[PDB]
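> Build me a model:
(2 chains, ligands or ions: 6)
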Number of protein chains: 2
Amino acid sequence: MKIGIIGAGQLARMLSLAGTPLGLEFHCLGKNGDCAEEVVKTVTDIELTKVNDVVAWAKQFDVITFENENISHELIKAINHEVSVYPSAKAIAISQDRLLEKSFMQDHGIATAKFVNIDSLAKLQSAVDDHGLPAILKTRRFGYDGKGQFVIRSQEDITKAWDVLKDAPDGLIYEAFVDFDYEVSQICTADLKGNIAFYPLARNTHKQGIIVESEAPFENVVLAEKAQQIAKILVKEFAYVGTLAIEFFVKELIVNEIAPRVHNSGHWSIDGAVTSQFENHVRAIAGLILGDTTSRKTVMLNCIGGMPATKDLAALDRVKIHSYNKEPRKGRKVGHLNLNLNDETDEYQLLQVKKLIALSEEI
Amino acid sequence: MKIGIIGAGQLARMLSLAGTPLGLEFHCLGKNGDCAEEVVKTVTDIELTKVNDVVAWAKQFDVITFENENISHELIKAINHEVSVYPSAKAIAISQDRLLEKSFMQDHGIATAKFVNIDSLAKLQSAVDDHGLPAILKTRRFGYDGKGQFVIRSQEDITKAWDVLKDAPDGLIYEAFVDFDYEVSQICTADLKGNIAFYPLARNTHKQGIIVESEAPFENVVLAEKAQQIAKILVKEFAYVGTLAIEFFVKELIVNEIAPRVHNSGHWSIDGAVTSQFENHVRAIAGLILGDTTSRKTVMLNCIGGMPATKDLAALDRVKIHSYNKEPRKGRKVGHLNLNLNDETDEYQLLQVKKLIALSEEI
Ligand SMILES: Nc1ncnc2c1ncn2[C@@H]1O[C@H](COP(=O)(O)OP(=O)(O)NP(=O)(O)O)[C@@H](O)[C@H]1O
Ligand SMILES: Nc1ncnc2c1ncn2[C@@H]1O[C@H](COP(=O)(O)OP(=O)(O)NP(=O)(O)O)[C@@H](O)[C@H]1O
Ligand code: NA
Ligand code: NA
Ligand code: NA
Ligand code: NA
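Residues are numbered from 1 along each chain as shown, chains lettered A, B, ... in the order given. Ligands and ions are numbered 1, 2, ... in the order given. Take a look:
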């Protein structure tokens, strides 16, 4: 069986690392210098606007998936008509647009930040009059890791926010700034028949808009049950197949956003679960029964901008190293480290690895 | 850092799977259709007799290793003079020749099967007169998985054995047939400074000359200590860097043979140890500190000749699947399965997977 992946970044790289021992063959749509290249059968560079060419490429394979939900949902529809794409175009369409994503939650009685679609300065003023400050003016369709938005803290920030973002193609959304206690995510995988394998909750820490640490299992039986029920609603309404990620605020579970894919907050599962989020995404789309997800306490630390020297990491002999072999650039995800946490030696190694990261990080 | 591997088979494939997340780049010497191709940066097909060409290829990389010790030890010397090869030419030279291997053990007071170098029919007759029957006439330099030899059970089998094998290039050895209770192997990894990371003993079952099952940890504190001391002698005398495998008969530890490489009897460590034999071979040759080897009860089952359907394997959701994506051929190693053994559900899945294997196996 051949699996085509749109994208050749680190998520594609790890899908192939996880899925290759199952005997599956991986092919990417992306560039020669992208980090999945060395671990997949082929990489083919086709502009995603050239729809018939992309569809022609896809038809070489038995099933298609993707690593970035910001892709054209029409392109996915076009492909899916010829060869199965997982997960669904509906999941992509709703998750990639902040207004559609939040409206979906509201339509099913699921809590989110208060939000308003913004089509004018007057509408934004009204949204601020109604739901208060601080708030964020975000684009509906652009943006990664806190970028492409404007935090509104005062009445003067309003016109400034509008003036910066007003011309964003495909529009804008006001979100009330949620004052959360902490953040958690629910990652799960739905197989071809809609059976869901759940991971425990992970507690995630963001720094400057980017995830820097993820801890699992986060043990709270009540929140976990609420999280799982929301996941089930999503899987059913999207007819979802694959790994799905839902990020929450806790303060009451409040949905932050969803990602129809393997997600950074699940990277711990490579070394902390019997079957990782990556192996299970692959098994899901391949029409296979999912792997057991029994998990053990693990911490995941992100390497942003830079990464400690491998020789320094290797000296901490229980740390599991996940370098993506990417180019260091301020703010860029270049790798992560996982560590199982059982005893005091693990705590000691964790301190040493955090120190190493503090010296290599560039956000 | 770039690592060159001579060979593109499943051992090379798994070295790259283990070592790629460390941020290392892998290149093989072998063919396009070989099973490591899809997980390494490049594969280059050069006949190993063309020494200057092989050396020219090797010089593109920072360190060289190999998956098959039957390679020309002179070729390794030639390469090593220009770029570091691990492990050593001495380890290759002794392990690849049954007479040299057994003579080494005898020279250091380490037990083996009684053995005699055979250069004539009369010498074989004398070896049988001295050390008895049953015995095996083996080549010194050829043979895999019980092939290329002749078991001598009677006095008529003697001339038959001689007539079959007498012209083997590089000679023959008589070995007394050891009547063992069971077999175990000691796998360990020595870093660049000679520090050794030990795995627990594994209990191995052979069927028709091929390994079919490996169980670890095999708990016997006395045998383990003897095994580790023998490993230390080998690492020191060979100035060994890398993963090393020693196979024993138990009946008293008696050395059977050694392999200067990752070995089938250590495949369990992919899913049963904090750091696998593959990741540690890579860390050793890369000049890195070795990973922790804390282990949990695991069984490894070999898929020979054929492999059960992936959909049938996936249904047993705790089994870890390791398909090499190779072509089924009677007697050929095409994959393995690992299973952690904790509770009764694991025992149940193990029975089901053994049944699946019995129906797919072709030895
Ligand atoms: N309304 C809000 N109130 C408070 N914090 C928020 C709000 N919206 C977003 N954030 C935080 O900002 C982070 C970045 O969101 P976003 O700009 O969508 O980045 P992203 O690409 O989705 N990265 P990630 O959330 O880690 O997958 C979120 O994970 C939250 O921690
Ligand atoms: N003298 C002996 N007496 C009894 N059994 C033996 C003897 N020599 C070899 N064997 C058995 O035959 C097997 C095959 O040995 P060999 O022909 O060298 O295959 P191999 O390629 O080294 N495969 P492996 O030992 O699994 O790495 C050994 O693993 C032993 O179980
Ligand atoms: Na490739
Ligand atoms: Na989203
Ligand atoms: Na390749
Ligand atoms: Na040997």
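
> Please enumerate the strands of the stretch 1-150 of chain A.
Secondary structure of the stretch 1-150 of chain A (DSSP state E, counting those that start in this stretch): strands located at A:2-6, A:25-29, A:42-44, A:63-66, A:115-118, A:135-139, A:149-152.

> Out of those strands, the one nearest ligand 1 is which?
strand A:135-139 (5.3 Å; Cβ to the nearest ligand atom). Every residue, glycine included, has its C-beta placed from N, CA and C.

> how far out from the middle of the chain is that closest one?
Relative to the mean C-alpha coordinate of its chain, strand A:135-139 is positioned 20 Å out (Cα atoms, centre = their mean, to the nearest Å).

> Can I get it in PDB? Just the C-alpha atoms.
The C-alpha trace of strand A:135-139 is given here as PDB (Å, rounded to 0.1, in the frame of the first residue of the first chain):
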ATOM      1  CA  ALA A 135      -9.400  41.000  23.000                       C
ATOM      2  CA  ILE A 136      -7.700  39.800  19.900                       C
ATOM      3  CA  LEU A 137      -8.400  40.800  16.300                       C
ATOM      4  CA  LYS A 138      -7.400  37.700  14.200                       C
ATOM      5  CA  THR A 139      -7.600  36.800  10.600                       C
END
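
> Direction included, what does it pair up with?
Here strand A:135-139 is paired, per DSSP bridges, with strand A:149-152 (antiparallel), strand A:172-176 (antiparallel).

> Provide the contact partners of the following helix or strand past the shortest one at residue level.
Translated: strand A:149-152. Using DSSP states H and E, the next helix or strand after strand A:149-152 towards the C-terminus is helix A:156-165. Applying Cβ atoms under 8 Å, 6 or more residues apart in numbering or on different chains, the external contacts of helix A:156-165 come out as A:121, A:124-125, A:128, A:137, A:139, A:148-152, A:172.

> do the same with stretch A:75-95
With Cβ under 8 Å, 6+ apart, stretch A:75-95 has contacts from A:4, A:48, A:51, A:54-55, A:58-59, A:61-66, A:69, A:71, A:73, A:100-101, A:104, A:234, A:237-242, A:244, A:257-261, A:284-285.

> then it to CSV, C-alphas only?
Provided in CSV are the C-alpha atoms of stretch A:75-95 (Å, rounded to 0.1, in the frame of the first residue of the first chain):
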residue,chain,number,x,y,z
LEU,A,75,-8.3,20.8,-4.0
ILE,A,76,-9.0,18.1,-1.4
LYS,A,77,-12.5,17.7,-2.8
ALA,A,78,-11.1,17.3,-6.3
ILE,A,79,-8.5,14.7,-5.1
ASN,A,80,-11.0,12.8,-2.9
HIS,A,81,-13.3,12.3,-5.9
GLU,A,82,-10.5,10.1,-7.5
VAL,A,83,-8.6,8.7,-4.5
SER,A,84,-9.6,8.6,-0.8
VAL,A,85,-8.3,11.6,1.2
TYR,A,86,-8.3,11.4,5.1
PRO,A,87,-9.4,13.3,7.0
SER,A,88,-12.4,14.9,5.3
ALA,A,89,-12.8,18.1,3.4
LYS,A,90,-15.4,19.2,5.9
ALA,A,91,-12.9,18.9,8.8
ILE,A,92,-10.5,21.0,6.8
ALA,A,93,-13.0,23.6,5.8
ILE,A,94,-14.2,24.1,9.4
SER,A,95,-10.8,23.9,11.2
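
> Buried ones in it, by neighbour count?
Buried residues in stretch A:75-95, counted by 16 or more other Cβ atoms under 10 Å in any protein chain shown: A:75-76, A:78-80, A:83-95.

> So which of the residues you listed sit within helices?
A:75-76, A:78-80, A:89-95 (DSSP state H).

> Format those residues as TSV; extra columns: distance to ligand 6.
Listed next are these as TSV, based on distance: Cβ to the ion, whole Å:
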residue	distance to ligand 6
A:75	55
A:76	54
A:78	57
A:79	52
A:80	54
A:89	57
A:90	59
A:91	54
A:92	55
A:93	60
A:94	60
A:95	56
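
> Pretty sure residue A:58 is one of the things residue A:44 touches, is it not?
No. Using Cβ atoms under 8 Å, residue A:44 makes no contact with residue A:58, being 10.3 Å away.

> Which of these two has more residues huddled nearby?
Shown here are residue A:44 and residue A:58; by other Cβ atoms under 10 Å in any protein chain shown, residue A:58 has more neighbours (24 against 16).

> Give me the distance between that one and ligand 4.
From residue A:58 over to ligand 4 the distance is 24 Å, taken as Cβ to the ion, to the nearest Å.

> for residue A:144, same thing?
With Cβ to the ion as the criterion, residue A:144 and ligand 4 are 11 Å apart.

> State the number of residues packed around that residue.
Residue A:144 has 12 nearby residues by other Cβ under 10 Å.

> do the one 4 residues further on as well
Residue A:148: 14 surrounding residues under other Cβ under 10 Å.

> How about the contacts made by it?
By Cβ under 8 Å, 6+ apart, the contact list for residue A:148 reads A:138-139, A:142, A:165, A:168.

> ok, 6 Å please
A:139, A:142 (Cβ atoms under 6 Å, 6 or more residues apart in numbering or on different chains).

> Same question for residue A:356.
A:308, A:312.

> Only alpha carbons, please: show whatever helix or strand it lives in as CSV.
Element membership for residue A:356, per DSSP H and E: helix A:344-360. Below are the C-alpha coordinates for helix A:344-360, written out as CSV (Å, rounded to 0.1, in the frame of the first residue of the first chain):
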residue,chain,number,x,y,z
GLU,A,344,14.5,11.3,40.6
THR,A,345,17.2,10.6,38.0
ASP,A,346,14.6,11.5,35.3
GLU,A,347,13.9,14.8,37.2
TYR,A,348,17.6,15.6,37.2
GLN,A,349,18.0,14.9,33.5
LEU,A,350,15.0,17.1,32.8
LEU,A,351,16.5,20.1,34.6
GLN,A,352,19.7,19.6,32.6
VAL,A,353,17.9,19.4,29.3
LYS,A,354,15.8,22.5,30.1
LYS,A,355,19.0,24.4,30.7
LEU,A,356,20.5,23.2,27.4
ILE,A,357,17.3,24.3,25.6
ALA,A,358,17.3,27.8,27.3
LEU,A,359,20.8,28.4,25.7
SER,A,360,19.8,27.2,22.2
